[PDB]
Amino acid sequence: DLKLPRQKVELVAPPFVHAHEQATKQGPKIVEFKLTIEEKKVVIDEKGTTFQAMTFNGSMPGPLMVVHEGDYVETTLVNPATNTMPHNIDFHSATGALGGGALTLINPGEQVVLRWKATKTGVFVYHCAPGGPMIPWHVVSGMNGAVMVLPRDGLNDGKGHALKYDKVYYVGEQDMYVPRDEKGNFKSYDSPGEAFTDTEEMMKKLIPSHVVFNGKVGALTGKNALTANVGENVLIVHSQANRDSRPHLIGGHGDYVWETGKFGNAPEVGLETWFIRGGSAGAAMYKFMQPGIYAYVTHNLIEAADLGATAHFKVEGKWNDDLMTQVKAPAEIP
């Protein structure tokens, strides 16, 4: 019925994003994506705490999918027989059938193919949502990512000027609920099913044990710091499928920010901290002015420093003494 050109995308693991055009002369296409569910025990902190994760494509978050307004997104969702539970997918970008969830419930050993038209621009969450109490559990176990639906003319500032990024990163924040035993040590479990009772009891108390970017404390640090150069315009897409977050670039700003994440609305300018509503993605762009280390955090600083929610940028370039200078180094008080 639908006779449009087909284009396959090779998804890449976060925080990177598959290659795409911003402004495009292409017309609508059917863009084809594949997600393969993986349930797996992973390590989430530098002390070796383990977690029963459930993921799209083996990562937390799931990969960022990028399309343009009016494209048709055709996803093959695969639930291999090596998994234990049914799963599905719900796209906040899509219209009808609970975002697709009512059409994609698959048991281990099955796959399904869903197509939806990208009628709404912005960044959007996608997540598993099998039904009932399983919905929060699968999401907070890691089964969420995001999609970005660009205008065909690319981004603008609302005020007819184009806003072109040099690079884009996707920072998926995950609230995790790991129960503790009587000693006060984090518990380990042999299966997601076995983790369920204790994990649900903790979840209902609403306080996470960990809040992490890219699946683990320190994931986006050291060798895996985010990078930029002075003069580069970087777009940071930030999602949180269950709980609020308040992103902040320490030493920088959000030059243009869509905190509700939707490109039909003009961005706000010159923010210090912005707010990602639980169940949403937002986006912020910043042109780096200074070299050095920056930290990208949620600005609940307890969560950032003590629960895991800190990434770093390492930025190359020349220091600008007009913008900031140490007039007098630390010295004894006169």
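Start at 1 and count along the sequence shown; that's the residue number.
### Query
Mean C-alpha B factor from the entry: is it higher for 192-200 or for 214-222?
Taking the mean C-alpha B-factor of 192-200 and of 214-222, the larger value falls to 192-200.
### Message
If you average the CA temperature factors as listed in the entry, which stretch comes out higher, 136-144 or 110-118?
### Response
Looking at the record's C-alpha B-factors, the answer is 110-118.
### Query
Which is it among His87, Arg246, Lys164, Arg243: the one with the largest CA B-factor in the entry?
That would be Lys164, according to the entry.
### Message
In terms of recorded Cα temperature factor, pick the maximum from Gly279, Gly27, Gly62, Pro267.
### Response
Among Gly279, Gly27, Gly62, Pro267, the PDB entry lists the largest C-alpha B-factor for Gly27.
### Message
Split into thirds by Cα B-factor across the chain's modelled residues, where does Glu32 land: lowest, middle or highest?
### Response
Answer is middle: the recorded C-alpha B-factor places it there.
### Message
Using the temperature factors of the C-alpha atoms in this entry, rank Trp319 within its chain: lowest, middle or highest third.
### Response
Ranked within chain, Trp319 CA B lands in the highest tercile.
### Task
Among all modelled residues of this chain, ranked by Cα B factor, put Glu69 in the bottom, middle or top third, i.e. lowest, middle or highest.
According to the entry, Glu69 has a C-alpha B-factor in the chain's middle third.
### Query
In terms of the chain's CA B-factor thirds, is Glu39 lowest, middle or highest?
According to the entry, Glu39 has a C-alpha B-factor in the chain's middle third.
### Query
Among the modelled residues of its chain, does the C-alpha B-factor of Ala23 lie in the lowest, middle or highest third?
CA B-factor rank for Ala23: highest third.
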